[PDB]
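**Student:** Sharing structure_30.tsv, TSV, C-alpha atoms and all ligand atoms:
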chain	number	residue	atom	x	y	z
L	1	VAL	CA	171.13	58.59	86.97
L	2	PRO	CA	167.51	59.67	86.47
L	3	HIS	CA	164.79	59.13	89.01
L	4	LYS	CA	161.58	57.50	87.81
L	5	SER	CA	159.01	56.19	90.26
L	6	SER	CA	155.38	55.17	90.18
L	7	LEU	CA	152.60	56.84	92.18
L	8	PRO	CA	149.84	54.30	91.53
L	9	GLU	CA	147.75	55.80	94.36
L	10	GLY	CA	148.29	59.22	92.78
L	11	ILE	CA	148.94	62.43	94.62
L	12	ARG	CA	146.51	64.55	96.57
L	13	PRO	CA	146.58	68.10	97.91
L	14	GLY	CA	149.27	67.95	100.56
L	15	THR	CA	151.77	65.94	98.55
L	16	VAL	CA	155.35	67.25	98.72
L	17	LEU	CA	158.08	66.26	96.29
L	18	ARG	CA	161.49	67.12	97.75
L	19	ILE	CA	164.45	67.05	95.38
L	20	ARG	CA	168.02	67.58	96.57
L	21	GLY	CA	170.95	67.55	94.22
L	22	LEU	CA	173.60	69.43	92.32
L	23	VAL	CA	173.62	71.09	88.91
L	24	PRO	CA	176.75	69.76	87.18
L	25	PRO	CA	179.30	72.36	86.01
L	26	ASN	CA	178.54	71.65	82.32
L	27	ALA	CA	174.76	71.39	82.67
L	28	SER	CA	172.33	72.50	80.01
L	29	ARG	CA	168.92	71.63	81.45
L	30	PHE	CA	167.17	69.29	83.83
L	31	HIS	CA	163.52	68.45	84.40
L	32	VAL	CA	161.03	67.30	86.99
L	33	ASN	CA	157.98	65.70	85.36
L	34	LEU	CA	154.69	64.65	86.92
L	35	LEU	CA	153.29	62.27	84.32
L	36	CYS	CA	149.95	60.53	83.76
L	37	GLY	CA	151.62	57.26	82.85
L	38	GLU	CA	154.71	55.19	82.14
L	39	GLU	CA	154.23	55.01	78.36
L	40	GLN	CA	156.32	56.96	75.84
L	41	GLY	CA	155.11	60.53	75.39
L	42	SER	CA	152.68	60.33	78.31
L	43	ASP	CA	150.73	63.44	79.22
L	44	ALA	CA	152.39	65.69	81.79
L	45	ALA	CA	150.50	67.52	84.49
L	46	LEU	CA	153.74	69.38	85.33
L	47	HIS	CA	156.99	69.74	83.42
L	48	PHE	CA	159.44	71.80	85.52
L	49	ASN	CA	162.46	72.63	83.40
L	50	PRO	CA	165.37	74.64	84.82
L	51	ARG	CA	167.46	75.68	81.82
L	52	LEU	CA	170.98	76.83	82.55
L	53	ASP	CA	171.71	77.09	78.84
L	54	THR	CA	169.00	79.68	78.20
L	55	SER	CA	168.77	81.20	81.71
L	56	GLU	CA	165.11	80.43	82.35
L	57	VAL	CA	162.92	78.00	84.28
L	58	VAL	CA	160.02	76.83	82.16
L	59	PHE	CA	156.82	75.26	83.44
L	60	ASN	CA	154.35	73.54	81.18
L	61	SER	CA	151.89	70.68	80.74
L	62	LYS	CA	151.51	68.23	77.88
L	63	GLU	CA	148.38	66.68	76.41
L	64	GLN	CA	148.22	64.32	73.43
L	65	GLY	CA	151.82	65.15	72.59
L	66	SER	CA	151.09	68.89	72.54
L	67	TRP	CA	152.78	71.21	75.00
L	68	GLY	CA	150.60	73.87	76.54
L	69	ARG	CA	151.33	77.51	77.14
L	70	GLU	CA	154.69	77.98	78.84
L	71	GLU	CA	155.05	79.74	82.16
L	72	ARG	CA	158.39	81.09	83.34
L	73	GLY	CA	159.58	81.73	86.85
L	74	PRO	CA	161.35	84.89	87.93
L	75	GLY	CA	165.05	84.51	87.34
L	76	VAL	CA	166.97	81.26	87.59
L	77	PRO	CA	167.57	80.06	91.17
L	78	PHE	CA	170.07	77.44	90.03
L	79	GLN	CA	173.76	77.67	89.15
L	80	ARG	CA	176.13	75.26	87.48
L	81	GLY	CA	178.23	73.50	90.06
L	82	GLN	CA	175.94	74.40	92.94
L	83	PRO	CA	173.62	72.29	95.08
L	84	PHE	CA	169.91	73.00	95.23
L	85	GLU	CA	166.73	71.96	96.97
L	86	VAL	CA	163.33	72.02	95.28
L	87	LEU	CA	159.94	71.41	96.83
L	88	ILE	CA	157.08	70.67	94.48
L	89	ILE	CA	153.97	71.09	96.61
L	90	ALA	CA	150.54	69.97	95.40
L	91	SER	CA	147.46	71.87	96.50
L	92	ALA	CA	143.96	71.66	95.10
L	93	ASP	CA	144.76	74.73	92.98
L	94	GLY	CA	148.18	73.91	91.61
L	95	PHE	CA	151.80	73.14	92.21
L	96	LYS	CA	153.96	75.43	94.27
L	97	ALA	CA	157.63	75.33	93.33
L	98	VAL	CA	159.92	76.27	96.20
L	99	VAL	CA	163.64	76.65	95.54
L	100	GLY	CA	166.00	77.20	98.43
L	101	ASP	CA	164.17	79.30	101.01
L	102	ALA	CA	161.58	80.94	98.79
L	103	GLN	CA	158.46	80.12	96.86
L	104	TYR	CA	159.53	80.51	93.26
L	105	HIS	CA	156.41	80.00	91.14
L	106	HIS	CA	152.86	78.72	91.40
L	107	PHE	CA	151.65	76.61	88.47
L	108	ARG	CA	147.89	76.22	88.45
L	109	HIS	CA	146.60	72.81	87.51
L	110	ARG	CA	145.77	72.21	83.89
L	111	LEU	CA	145.33	68.45	84.07
L	112	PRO	CA	143.29	67.10	86.99
L	113	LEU	CA	145.67	66.32	89.81
L	114	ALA	CA	144.22	62.81	89.84
L	115	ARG	CA	145.89	62.12	86.49
L	116	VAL	CA	149.37	62.08	88.02
L	117	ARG	CA	150.72	58.59	88.50
L	118	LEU	CA	154.48	58.88	87.87
L	119	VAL	CA	157.37	61.17	88.81
L	120	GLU	CA	160.51	61.56	86.73
L	121	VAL	CA	163.61	63.65	87.45
L	122	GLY	CA	166.22	63.68	84.74
L	123	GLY	CA	168.45	65.67	82.48
L	124	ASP	CA	171.68	67.34	83.55
L	125	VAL	CA	171.41	66.90	87.31
L	126	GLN	CA	173.15	64.90	90.00
L	127	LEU	CA	170.55	63.69	92.48
L	128	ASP	CA	171.24	63.27	96.18
L	129	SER	CA	167.66	62.51	97.19
L	130	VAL	CA	164.15	62.46	95.79
L	131	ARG	CA	161.32	61.92	98.25
L	132	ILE	CA	157.55	62.06	98.00
L	133	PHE	CA	155.78	62.92	101.23
J	1	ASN	CA	166.27	80.80	122.19
J	2	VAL	CA	163.99	83.16	120.25
J	3	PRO	CA	160.53	81.63	119.63
J	4	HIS	CA	158.51	81.95	116.48
J	5	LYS	CA	154.95	83.23	116.53
J	6	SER	CA	153.28	84.32	113.32
J	7	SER	CA	149.76	84.80	112.08
J	8	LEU	CA	147.90	82.90	109.36
J	9	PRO	CA	144.86	85.15	109.17
J	10	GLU	CA	143.68	83.51	105.94
J	11	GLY	CA	143.89	80.07	107.56
J	12	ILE	CA	145.77	77.14	105.97
J	13	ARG	CA	144.54	74.62	103.35
J	14	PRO	CA	145.53	71.18	102.02
J	15	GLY	CA	149.01	71.82	100.55
J	16	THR	CA	150.20	74.18	103.26
J	17	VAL	CA	153.72	73.22	104.36
J	18	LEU	CA	155.46	74.42	107.50
J	19	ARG	CA	159.23	73.87	107.23
J	20	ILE	CA	161.24	74.26	110.43
J	21	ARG	CA	165.04	74.08	110.44
J	22	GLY	CA	166.90	74.29	113.69
J	23	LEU	CA	169.05	72.67	116.29
J	24	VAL	CA	168.14	70.85	119.48
J	25	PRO	CA	170.33	72.33	122.23
J	26	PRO	CA	172.67	69.86	123.94
J	27	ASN	CA	170.78	70.27	127.22
J	28	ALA	CA	167.32	70.52	125.66
J	29	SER	CA	164.36	69.07	127.49
J	30	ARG	CA	161.37	69.73	125.18
J	31	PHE	CA	160.18	72.00	122.37
J	32	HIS	CA	156.91	72.46	120.54
J	33	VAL	CA	155.25	73.44	117.31
J	34	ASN	CA	151.67	74.63	117.76
J	35	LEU	CA	149.03	75.41	115.15
J	36	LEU	CA	146.53	77.49	117.10
J	37	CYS	CA	142.99	78.82	116.54
J	38	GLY	CA	143.93	82.28	117.68
J	39	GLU	CA	146.20	84.83	119.46
J	40	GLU	CA	145.42	84.02	123.14
J	41	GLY	CA	145.52	79.09	125.73
J	42	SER	CA	143.58	79.35	122.36
J	43	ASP	CA	142.42	75.99	120.90
J	44	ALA	CA	145.23	74.01	119.26
J	45	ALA	CA	144.63	72.13	116.04
J	46	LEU	CA	148.08	70.62	116.44
J	47	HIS	CA	150.52	70.49	119.31
J	48	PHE	CA	153.74	68.73	118.19
J	49	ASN	CA	155.96	68.18	121.23
J	50	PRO	CA	159.35	66.46	120.95
J	51	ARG	CA	160.46	65.53	124.47
J	52	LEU	CA	164.14	64.73	124.80
J	53	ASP	CA	163.85	64.38	128.61
J	54	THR	CA	161.19	61.59	128.32
J	55	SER	CA	162.19	60.16	124.90
J	56	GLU	CA	158.84	60.65	123.21
J	57	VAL	CA	157.21	62.90	120.61
J	58	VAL	CA	153.64	63.72	121.56
J	59	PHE	CA	150.92	64.96	119.20
J	60	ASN	CA	147.66	66.35	120.51
J	61	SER	CA	144.91	68.91	120.01
J	62	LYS	CA	143.32	71.18	122.62
J	63	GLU	CA	139.77	72.52	122.72
J	64	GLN	CA	138.18	74.76	125.34
J	65	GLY	CA	141.20	74.19	127.58
J	66	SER	CA	141.11	70.38	127.42
J	67	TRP	CA	143.70	68.21	125.73
J	68	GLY	CA	142.55	65.47	123.42
J	69	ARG	CA	143.80	61.94	122.98
J	70	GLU	CA	147.60	61.90	122.78
J	71	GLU	CA	149.32	60.28	119.85
J	72	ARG	CA	152.96	59.27	119.95
J	73	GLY	CA	155.26	58.76	117.05
J	74	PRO	CA	157.68	55.87	116.66
J	75	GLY	CA	160.92	56.66	118.44
J	76	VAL	CA	162.40	60.14	118.74
J	77	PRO	CA	163.90	61.46	115.49
J	78	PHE	CA	165.66	64.26	117.36
J	79	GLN	CA	168.87	64.30	119.36
J	80	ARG	CA	170.37	66.83	121.73
J	81	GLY	CA	173.05	68.83	119.96
J	82	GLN	CA	171.85	67.81	116.48
J	83	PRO	CA	170.25	69.89	113.75
J	84	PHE	CA	166.90	68.87	112.32
J	85	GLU	CA	164.40	69.65	109.62
J	86	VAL	CA	160.67	69.16	110.21
J	87	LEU	CA	157.93	69.45	107.63
J	88	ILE	CA	154.39	69.76	108.90
J	89	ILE	CA	152.27	69.14	105.80
J	90	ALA	CA	148.53	69.82	105.79
J	91	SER	CA	146.23	67.56	103.81
J	92	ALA	CA	142.44	67.42	103.83
J	93	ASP	CA	142.64	64.54	106.27
J	94	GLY	CA	145.46	65.45	108.66
J	95	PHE	CA	148.98	66.66	109.23
J	96	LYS	CA	151.91	64.68	107.96
J	97	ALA	CA	154.96	65.22	110.16
J	98	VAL	CA	158.20	64.66	108.28
J	99	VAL	CA	161.52	64.56	110.11
J	100	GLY	CA	164.80	64.19	108.27
J	101	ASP	CA	164.16	61.99	105.25
J	102	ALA	CA	160.99	60.12	106.23
J	103	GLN	CA	157.42	60.65	107.28
J	104	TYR	CA	157.41	60.24	111.03
J	105	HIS	CA	153.69	60.34	111.92
J	106	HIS	CA	150.29	61.23	110.47
J	107	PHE	CA	147.96	63.13	112.78
J	108	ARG	CA	144.35	63.13	111.60
J	109	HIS	CA	142.59	66.46	112.00
J	110	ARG	CA	140.51	67.05	115.10
J	111	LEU	CA	139.87	70.75	114.40
J	112	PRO	CA	138.99	72.08	110.94
J	113	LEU	CA	141.98	73.47	108.98
J	114	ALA	CA	140.10	76.75	108.46
J	115	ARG	CA	140.39	77.55	112.15
J	116	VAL	CA	144.21	77.50	112.16
J	117	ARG	CA	145.35	81.08	112.33
J	118	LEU	CA	148.62	81.10	114.28
J	119	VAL	CA	151.90	79.16	114.22
J	120	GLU	CA	154.07	79.01	117.35
J	121	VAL	CA	157.46	77.31	117.64
J	122	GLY	CA	159.09	77.52	121.03
J	123	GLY	CA	160.72	75.77	123.91
J	124	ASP	CA	164.23	74.36	124.04
J	125	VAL	CA	165.06	74.78	120.38
J	126	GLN	CA	167.33	76.98	118.32
J	127	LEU	CA	165.59	78.05	115.15
J	128	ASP	CA	167.47	78.64	111.95
J	129	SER	CA	164.41	79.05	109.72
J	130	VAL	CA	160.63	78.74	109.92
J	131	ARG	CA	158.79	79.02	106.61
J	132	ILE	CA	155.16	78.63	105.60
J	133	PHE	CA	154.79	77.54	101.96
L	201	LIG	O1	157.26	73.91	76.93
L	201	LIG	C1	158.12	72.94	77.47
L	201	LIG	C2	158.92	72.37	76.33
L	201	LIG	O2	159.68	73.48	75.76
L	201	LIG	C3	160.36	73.03	74.51
L	201	LIG	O3	161.07	74.08	73.99
L	201	LIG	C4	160.24	75.13	73.53
L	201	LIG	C5	160.75	76.43	74.00
L	201	LIG	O4	160.65	76.54	75.45
L	201	LIG	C6	159.97	77.59	73.48
L	201	LIG	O5	160.66	78.78	73.87
L	201	LIG	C7	159.84	77.59	71.96
L	201	LIG	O6	161.02	78.07	71.46
L	201	LIG	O7	159.53	76.23	71.38
L	201	LIG	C8	160.31	75.15	71.97
L	201	LIG	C9	159.83	73.86	71.40
L	201	LIG	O8	158.50	73.64	71.83
L	201	LIG	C10	161.31	71.92	74.89
L	201	LIG	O9	161.91	71.40	73.68
L	201	LIG	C11	160.64	70.79	75.60
L	201	LIG	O10	161.65	69.86	76.08
L	201	LIG	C12	159.86	71.27	76.78
L	201	LIG	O11	160.83	71.80	77.70
L	202	LIG	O1	149.40	67.76	124.52
L	202	LIG	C1	149.89	66.78	125.36
L	202	LIG	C2	150.08	67.57	126.68
L	202	LIG	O2	150.67	66.59	127.56
L	202	LIG	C3	150.98	67.06	128.93
L	202	LIG	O3	151.53	65.97	129.56
L	202	LIG	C4	150.71	64.81	129.86
L	202	LIG	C5	151.48	63.54	129.56
L	202	LIG	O4	151.86	63.42	128.17
L	202	LIG	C6	150.73	62.26	129.85
L	202	LIG	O5	151.51	61.09	129.52
L	202	LIG	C7	150.29	62.26	131.34
L	202	LIG	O6	151.40	62.10	132.13
L	202	LIG	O7	149.57	63.55	131.67
L	202	LIG	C8	150.24	64.82	131.34
L	202	LIG	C9	149.30	66.00	131.65
L	202	LIG	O8	148.25	66.12	130.67
L	202	LIG	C10	151.91	68.26	128.88
L	202	LIG	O9	152.14	68.63	130.26
L	202	LIG	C11	151.32	69.36	128.01
L	202	LIG	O10	152.30	70.44	127.98
L	202	LIG	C12	150.97	68.84	126.61
L	202	LIG	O11	152.17	68.57	125.87
I need this file expressed as structure tokens, please.
Ligand SMILES: OC[C@H]1O[C@@H](O[C@H]2[C@H](O)[C@@H](O)[C@@H](O)O[C@@H]2CO)[C@H](O)[C@@H](O)[C@H]1O
Ligand SMILES: OC[C@H]1O[C@@H](O[C@H]2[C@H](O)[C@@H](O)[C@@H](O)O[C@@H]2CO)[C@H](O)[C@@H](O)[C@H]1O
**Tutor:**
Amino acid sequence: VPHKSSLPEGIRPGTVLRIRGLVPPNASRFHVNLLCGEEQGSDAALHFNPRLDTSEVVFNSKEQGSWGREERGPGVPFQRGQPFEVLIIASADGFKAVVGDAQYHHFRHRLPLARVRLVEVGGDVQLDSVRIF
Amino acid sequence: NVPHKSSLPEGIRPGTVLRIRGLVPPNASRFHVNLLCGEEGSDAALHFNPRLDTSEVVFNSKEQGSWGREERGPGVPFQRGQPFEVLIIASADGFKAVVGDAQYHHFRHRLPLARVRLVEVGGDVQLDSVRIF
């Protein structure tokens, strides 16, 4: 079951998204999206896309249906059949992705942080908990 | 119990996250997390003090040797013999203290974030991990 929840107040520097779950044994990909709205194809301030199928974790943003320049994290700190914990931490400069015990990648803001109003977690992932602090 | 004491010579900013994982000993009385202005009784931007003996969690600041106005959180989200996870999250306006799965208390800043240059975790606590993200 995907997570999709509204952040009508937005998120500010000091917001922490904590995701706990398990990558299923047959997983291809899953995604964490910080979106500007609920509509179809909404702009994305952050698309965080662990890809088991292609052994990469892609970061990107989306504006007017156009993806930006992809960033990739170092290695893939996810494994099929294994549980994980991700922090997505918002600062004034960007989003810090923490996986397990280590900062994994820093994605500088493209879209103003104030554009974020929705969080979505979906794809091939079993979710134990999603929290916004 | 081995305490933690580490330097933040660059300071901390909105989006800094202190994650503490540990266990409250079965005979614990109290433990503390301090964000301090320096290496010495240095000023404390945050003193986070779970007290199992008196069933309270106290928050305070200290300047020039004098404690400020105490704040207390609702209940005690710690138990002797039980493991715990605390997030101390810095925003522009204060520190969000998260325990377990929920925000426990918000402590508005008394000292500027730029003056924080040391993290201490000590007292009656067994530390499994202390991370600054
Ligand atoms: O950039 C995020 C999107 O990537 C799309 O796939 C890219 C792929 O990463 C890139 O290597 C290149 O081959 O073009 C593809 C299509 O843009 C995904 O399809 C999309 O879901 C986002 O993950
Ligand atoms: O930062 C709070 C400090 O409190 C001290 O204890 C207080 C106590 O909380 C209060 O209710 C009253 O009884 O006065 C005491 C003395 O200030 C602690 O002793 C100190 O270690 C700090 O935690």
**Student:** Please return, as a PyMOL selection string, all residues of chain J lying within 10 Å of chain L when only C-alpha atoms are considered.
**Tutor:** chain J and resi 13-17+19+87-98+101-103+129-133
**Student:** At a cut-off of 7 Å around ligand LIG 202 (chain L), and using only C-alpha atoms and all ligand atoms, what residues come up? Please write them as a VMD selection string.
**Tutor:** chain J and resid 47 49 58 to 61 67 70
**Student:** Which of these residues is nearest to ligand LIG 201 (chain L), using all atoms listed in the file: L:42, L:33, L:5, L:60?
**Tutor:**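 Going through L:42, L:33, L:5, L:60 one by one, the smallest distance to ligand LIG 201 (chain L) is for L:60.
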**Student:** Identify which of the residues L:68, L:122, L:100, L:75 lies closest to ligand LIG 201 (chain L), counting only C-alpha atoms and all ligand atoms when measuring atom-to-atom distances.
**Tutor:**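 Once distances to ligand LIG 201 (chain L) are computed over only C-alpha atoms and all ligand atoms, the minimum belongs to L:68.
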**Student:** Could you report the residues within 12 Å of ligand LIG 201 (chain L), using all atoms listed in the file, as a CSV table (one decimal) with C-alpha atoms, in the frame of the given file?
**Tutor:**
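Written out: result_3.csv:
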chain,number,residue,atom,x,y,z
L,28,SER,CA,172.3,72.5,80.0
L,29,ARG,CA,168.9,71.6,81.4
L,30,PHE,CA,167.2,69.3,83.8
L,31,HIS,CA,163.5,68.4,84.4
L,32,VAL,CA,161.0,67.3,87.0
L,33,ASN,CA,158.0,65.7,85.4
L,41,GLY,CA,155.1,60.5,75.4
L,44,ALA,CA,152.4,65.7,81.8
L,45,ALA,CA,150.5,67.5,84.5
L,46,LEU,CA,153.7,69.4,85.3
L,47,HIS,CA,157.0,69.7,83.4
L,48,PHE,CA,159.4,71.8,85.5
L,49,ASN,CA,162.5,72.6,83.4
L,50,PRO,CA,165.4,74.6,84.8
L,51,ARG,CA,167.5,75.7,81.8
L,53,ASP,CA,171.7,77.1,78.8
L,54,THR,CA,169.0,79.7,78.2
L,55,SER,CA,168.8,81.2,81.7
L,56,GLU,CA,165.1,80.4,82.4
L,57,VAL,CA,162.9,78.0,84.3
L,58,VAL,CA,160.0,76.8,82.2
L,59,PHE,CA,156.8,75.3,83.4
L,60,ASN,CA,154.4,73.5,81.2
L,61,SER,CA,151.9,70.7,80.7
L,62,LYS,CA,151.5,68.2,77.9
L,63,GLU,CA,148.4,66.7,76.4
L,65,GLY,CA,151.8,65.2,72.6
L,66,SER,CA,151.1,68.9,72.5
L,67,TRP,CA,152.8,71.2,75.0
L,68,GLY,CA,150.6,73.9,76.5
L,69,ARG,CA,151.3,77.5,77.1
L,70,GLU,CA,154.7,78.0,78.8
L,71,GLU,CA,155.0,79.7,82.2
L,72,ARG,CA,158.4,81.1,83.3
L,122,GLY,CA,166.2,63.7,84.7
L,123,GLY,CA,168.4,65.7,82.5
**Student:** Write out as a PyMOL selection string each polymer residue whose atoms come within 8 Å of residue 34 (chain J), counting only C-alpha atoms; drop sequence neighbours fewer than 2 positions from it.
**Tutor:** chain J and resi 32+36+44-48+118-121
**Student:** Could you list, as a list in words, every residue within 10 Å of residue 37 (chain J), counting all atoms listed in the file and ignoring same-chain residues fewer than 5 positions away?
**Tutor:**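 With the cut-off at 10 Å, the set is residues 8, 9, 11, 42, 43, 44, 45, 46, 62, 63, 111, 112, 113, 114, 115, 116, 117, 118 and 119 of chain J.
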**Student:** How far is it from CA of residue 124 (chain L) to CA of residue 40 (chain L), in Å with one decimal?
**Tutor:**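 About the pair CA of residue 124 (chain L) and CA of residue 40 (chain L): they are 20.1 Å apart.
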**Student:** Hey, what's within 10 Å of residue 54 (chain J) if we count all atoms listed in the file and toss same-chain stuff fewer than 6 positions away? As a list in words, please?
**Tutor:**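 Residues meeting the cut-off are residues 29, 30 and 76 of chain J.
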**Student:** Using only C-alpha atoms, which residues sit within 9 Å of residue 27 (chain J) once same-chain residues fewer than 4 positions away are excluded, as an mmCIF file with C-alpha atoms, in the coordinates of the input?
**Tutor:**
data_model
loop_
_atom_site.group_PDB
_atom_site.id
_atom_site.type_symbol
_atom_site.label_atom_id
_atom_site.label_comp_id
_atom_site.auth_asym_id
_atom_site.auth_seq_id
_atom_site.Cartn_x
_atom_site.Cartn_y
_atom_site.Cartn_z
ATOM 1 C CA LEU J 52 164.140 64.730 124.800
ATOM 2 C CA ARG J 80 170.370 66.830 121.730
ATOM 3 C CA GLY J 81 173.050 68.830 119.960
ATOM 4 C CA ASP J 124 164.230 74.360 124.040
#
**Student:** If we count all atoms listed in the file, what is near residue 125 (chain L) at a cut-off of 10 Å, once residues fewer than 2 positions away on the same chain are taken out, given as number ranges by chain?
**Tutor:** L: 1-2, 20-31, 80-81, 83, 121-123, 127-128
**Student:** Could the centre and edge lengths of an axis-aligned box, enclosing all atoms of region 29-36 of chain J in the file with 3 Å extra on each side, be given in Å to one decimal as JSON?
**Tutor:**
{"center_x": 155.4, "center_y": 73.3, "center_z": 121.3, "size_x": 23.8, "size_y": 14.4, "size_z": 18.3}
**Student:** What does the distance between CA of residue 18 (chain J) and CA of residue 79 (chain L) come to in Å, to one decimal place?
**Tutor:** 26.1 Å
**Student:** Would you work out the distance separating CA of residue 120 (chain L) from CA of residue 4 (chain L), expressed in Å to one decimal?
**Tutor:** 4.3 Å
**Student:** When you count all atoms listed in the file, which of these residues is closest to residue 77 (chain J): J:26, J:3, J:65, J:50?
**Tutor:**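 Nearest candidate to residue 77 (chain J) out of J:26, J:3, J:65, J:50: J:50.
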